[PDB]
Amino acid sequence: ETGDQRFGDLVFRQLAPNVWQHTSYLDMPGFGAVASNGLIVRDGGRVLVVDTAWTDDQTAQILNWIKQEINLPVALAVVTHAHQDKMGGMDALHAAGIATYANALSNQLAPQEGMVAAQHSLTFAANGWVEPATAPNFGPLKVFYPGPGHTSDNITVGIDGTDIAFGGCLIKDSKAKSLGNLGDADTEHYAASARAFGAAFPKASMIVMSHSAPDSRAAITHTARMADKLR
């Protein structure tokens, strides 16, 4: 709590001199607020965003918070897979004139998932690293596709010059008792994908994820341990 800022429906937490976490909440009618996290990154004189909020209105609130608190232009956004918690606000980013980037497969699945596709598609080598020509001027964002897990399209992001990596919805916290909704999951490859994310970002000590508070690297090995049990 203490330290967090609220702006409309959203909550913001500073993780590092130039990195903040954004949290938005879906109101599940019977259940109440379900939190989802993304990241905001100040890169010199511009801002980069990872993930939308659940809805367009909430995504607009992120951008307005950036305008109010950082007052630097948002140069691009990258969304980490084609479900509502990470791509629900695409229309808001587009309306705001932010260039948007997603895994090619996310963009291909988006219509069927009821999401709006990003403008640009990222592609990935066999070793999981983004093909650099598809991610121009990403500054410190290092984008890595670990393999199928939470979904087949899930990607992850590390921030150069920080100790932070973002596992999105693939990674659960180190006290988690399950892997959550596995309805679109690849149960066979999940564990290796979790470990691959760990290997991509070997010096990250702060692991940020969609549905828990930032954790140590314990979150990675813990998720992989649970995932091992799906085979």
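From 1 onward, residues are counted along the sequence shown.
Judged by mean Cα B factor in the deposited record, 24 to 32 ranks above the other of 24 to 32 and 46 to 54. The mean Cα B-factor in the deposited entry runs higher for 67 to 75 than for the other of 115 to 123 and 67 to 75. Taking only the listed residues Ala185, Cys169, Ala194, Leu39, the entry reports the highest CA temperature factor at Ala185. Looking at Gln108, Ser152, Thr100, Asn137, the one whose CA carries the top B-factor in the deposited record is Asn137.
Sorting the modelled residues of the chain by their CA temperature factor places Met90 in the middle third.
Per-chain ranking of the deposited C-alpha B factor places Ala227 in the middle third. The entry lists a Cα temperature factor for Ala104 that places it in the lowest third of the chain's modelled residues. Among all modelled residues in its chain, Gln61 ranks in the lowest third by Cα B-factor.
When the CA B factors of the chain's modelled residues are split into thirds, the value for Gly161 lands in the highest one.
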